[PDB]
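Throughout, a chain's letter reflects where its sequence line sits, starting with A, and its residues are numbered from 1. Quick note: numbers below take in every heavy atom, side chains included, and nothing from hydrogens, waters or symmetry partners.
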Amino acid sequence: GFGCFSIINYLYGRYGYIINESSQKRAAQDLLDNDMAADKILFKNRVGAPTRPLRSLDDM
Amino acid sequence: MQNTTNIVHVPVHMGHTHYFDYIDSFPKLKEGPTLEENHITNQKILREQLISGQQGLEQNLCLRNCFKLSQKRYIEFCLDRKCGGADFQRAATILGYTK
Amino acid sequence: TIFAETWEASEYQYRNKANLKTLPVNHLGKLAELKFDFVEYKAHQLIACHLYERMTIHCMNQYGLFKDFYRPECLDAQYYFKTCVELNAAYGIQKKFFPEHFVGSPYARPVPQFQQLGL
Amino acid sequence: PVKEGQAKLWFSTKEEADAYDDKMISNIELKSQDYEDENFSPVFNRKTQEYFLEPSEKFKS
Ligand SMILES: CCCCCCCCCCCCCCCCCC(=O)OC[C@H](COP(=O)([O-])OCC(O)COP(=O)([O-])OC[C@@H](COC(=O)CCCCCCCCCCCCCCCCC)OC(=O)CCCCCCCCCCCCCCCCC)OC(=O)CCCCCCCCCCCCCCCCC
């Protein structure tokens, strides 16, 4: 069991992008799409800090 | 005056640790290349100097040894006697001492 | 006169004399020993000796000057204010007429001109 | 609108004065305590009057 677990840990290290590279590129642009969507609708005080996240449901 | 008094010209940072007193870090201390990266860098300089920088070396070494003398009149005697009659300003330009 | 909120502690230490006193920043911990309620802005606490002055006014407004001001938190504020403006007046004059006594001054240990080295 | 009072500004022209008010107004952040307001803050509500340390009557007496 230690050998099998250590082997599949390597194959998922060397390989893995054959099956998981799409879900990482998907979450990469998703991580940027909601970030840009946050800057559009969010209260920023005189310094760049969102001090009112609970202003509305869309802000939270 | 306190016997353990020093004046330091560069910034230092002291540790805020109980029972100990030392300099834990230097502000804006940048780490250069490692000892291995510097070694590879120097090997490339030494290799080119070994392959392509050995011809005409005996003449330049004589000019360098003459210019380590105390007085200028002895340098001119060294250049004329040992370096085949070289000129003071001409040899100083070769060695890179001329502005 | 110090024209800022902060000063280098080493610039008020002597170079050729034993250092038996420092010029420390305001003791903000004494501000929390006042039992009553008061309004203090953080923009006034760093300038030298002024925090102790404002603490004295707050104590002399809450209490008076008789049998109520005589408590450890109020007397230390007045003593610190009087001592602070005395030390700063002495250090200020010494900085003005004896600048060579302090660390960091170019005259504490003068570097010679190149014409004095005989090269 | 801007309310006038005994304490006056320190500008020669009116354009300099109006520019100072615009700079100060553009930095105002309203903090109201009533719900259904675009600027609502239950906690961290700012005061609109500055406190001044003065010698009281017990002080001078
Ligand atoms: C050990 C586990 C078991 C025990 C668990 C115990 C958990 C407790 C530990 C605390 C957890 C850490 C989270 C603390 C958040 C800070 C909250 C706070 O201080 O209030 C400020 C907060 C914001 O003040 P504001 O009025 O909006 O500011 C307006 C200014 O204009 C603002 O502009 P400004 O220019 O004046 O700037 C002021 C400056 C001031 O700066 C500061 O003072 C620093 C503040 C510290 C926060 C900064 C780090 C924020 C990190 C964000 C990530 C947090 C995620 C949550 C972590 C939870 C961990 C699981 O900036 C801020 O205001 C900071 C913004 C604060 C927003 C907080 C983020 C919202 C939380 C999102 C989740 C909401 C869950 C609530 C569920 C409640 C259910 C009852 O006030 C409120 O949120 C009011 C509450 C919400 C209103 C709805 C009514 C709810 C009533 C509930 C009553 C019951 C209470 C709970 C009872 C529980 C027992 C039954």
Side-chain donor/acceptor of [X] to backbone N/O of [Y], under 3.5 Å:
{"X": "C:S105", "Y": "C:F102", "value": "no"}
{"X": "C:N61", "Y": "C:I57", "value": "yes"}
{"X": "B:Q59", "Y": "B:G56", "value": "no"}
{"X": "A:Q29", "Y": "A:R26", "value": "yes"}
{"X": "C:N19", "Y": "C:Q13", "value": "no"}
{"X": "A:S6", "Y": "A:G3", "value": "no"}

* Would you tell me whether C:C59 and C:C74 have their SG atoms within less than 2.5 Å of each other? =>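 The answer is no, since C:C74 and C:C59 keep their SG atoms 2.5 Å or more apart.
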* Asked: Less than 2.5 Å separating the SG atoms of B:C83 and B:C78?
  ->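 Disulfide absent: SG-SG distance not under 2.5 Å.
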* Return each pair, listed once, that meets ring-ring contact (aromatic ring centres under 6.0 Å, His included) where at least one residue sits in residues 17-47 of chain D; pairs must be two or more places apart or across chains. =>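 Those involving residues 17-47 of chain D are D:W10-D:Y20, D:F11-D:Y20, D:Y35-D:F40.
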Quick check: closest heavy atoms across [X] and [Y], and the distance to 0.1 Å?
{"X": "B:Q89", "Y": "B:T98", "value": "O-OG1, 4.1 Å"}
{"X": "A:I19", "Y": "A:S22", "value": "O-OG, 4.1 Å"}
{"X": "B:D24", "Y": "B:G15", "value": "OD1-N, 3.8 Å"}
{"X": "C:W7", "Y": "C:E5", "value": "CZ3-O, 3.3 Å"}
{"X": "D:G5", "Y": "D:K8", "value": "O-NZ, 3.6 Å"}

State plainly whether one hydrophobic cluster holds both [X] and [Y], where clusters connect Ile, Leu, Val, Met, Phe, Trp and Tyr through side-chain heavy atoms under 4.5 angstrom apart.
{"X": "D:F59", "Y": "C:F66", "answer": "yes"}
{"X": "C:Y70", "Y": "C:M60", "answer": "yes"}
{"X": "C:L31", "Y": "C:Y52", "answer": "yes"}
{"X": "B:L69", "Y": "B:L61", "answer": "no"}
{"X": "C:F81", "Y": "C:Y63", "answer": "yes"}

Should we count [atom1] of [X] as having more than 12 external heavy atoms under 6.0 Å?
{"X": "D:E57", "atom1": "CD", "result": "no"}
{"X": "A:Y10", "atom1": "OH", "result": "no"}
{"X": "A:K44", "atom1": "NZ", "result": "yes"}
{"X": "B:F88", "atom1": "CZ", "result": "yes"}
{"X": "D:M24", "atom1": "CE", "result": "no"}
{"X": "C:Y41", "atom1": "OH", "result": "yes"}
{"X": "A:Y17", "atom1": "OH", "result": "yes"}
{"X": "B:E36", "atom1": "CD", "result": "no"}

* For residues C:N26 and C:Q45, is any side-chain donor paired with an opposing acceptor at under 3.5 Å? ->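 Side chains of C:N26 and C:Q45: no pair found under 3.5 Å.
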* Would you say the side chains of C:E53 and C:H50 form a donor-acceptor pair under 3.5 Å? ->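 Yes, C:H50 and C:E53 have a side-chain donor paired with an acceptor closer than 3.5 Å.
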With a 4.5 Å limit on heavy-atom distance, are the side chains of [X] and [Y] in contact?
{"X": "C:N88", "Y": "C:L23", "result": "yes"}
{"X": "C:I2", "Y": "C:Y12", "result": "yes"}
{"X": "D:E36", "Y": "D:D34", "result": "no"}
{"X": "D:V2", "Y": "D:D18", "result": "no"}
{"X": "C:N16", "Y": "C:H101", "result": "no"}
{"X": "C:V103", "Y": "C:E11", "result": "no"}
{"X": "A:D39", "Y": "A:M36", "result": "yes"}
{"X": "C:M55", "Y": "C:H58", "result": "no"}

* Asked: Got a second to check how far C:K95's NZ is from C:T1's OG1, nearest 0.5 Å?
  ->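 Rounded to the nearest 0.5 Å, the NZ-OG1 separation comes to 13.0 Å.
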* Assess A:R52 against A:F43: is NZ or CZ under 6.0 Å from the centre of the six-membered ring, and within 45 degrees of the ring's axis? =>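 That pair qualifies as a cation-pi contact.
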* Under a 4.0 Å N-O cut-off, is there an ion pair linking D:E29 with D:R46? ->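 Looking at D:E29 and D:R46, the cut-off is met.
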* Verify whether the ring centers belonging to C:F38 and C:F36 lie closer than 6.0 Å. =>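 Yes - the distance between ring centres of C:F38 and C:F36 falls below the 6.0 Å cut-off.
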* To do: Could you please spell out the steps behind the side chain to side chain contact (heavy atoms under 4.5 Å, CB included) verdict for B:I23 and B:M14?
  => CA-CA 5 Å; B:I23 299 176; B:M14 294 296 185; 3.6 Å; yes
* Start with the C-alpha gap between C:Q94 and C:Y14, add the side-chain angles, then the distance that decides, and say whether side-chain hydrogen bond (donor to acceptor under 3.5 Å, both in side chains) holds. => CA-CA 11 Å; C:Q94 190 179 23; C:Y14 303 136; 2.9 Å; yes
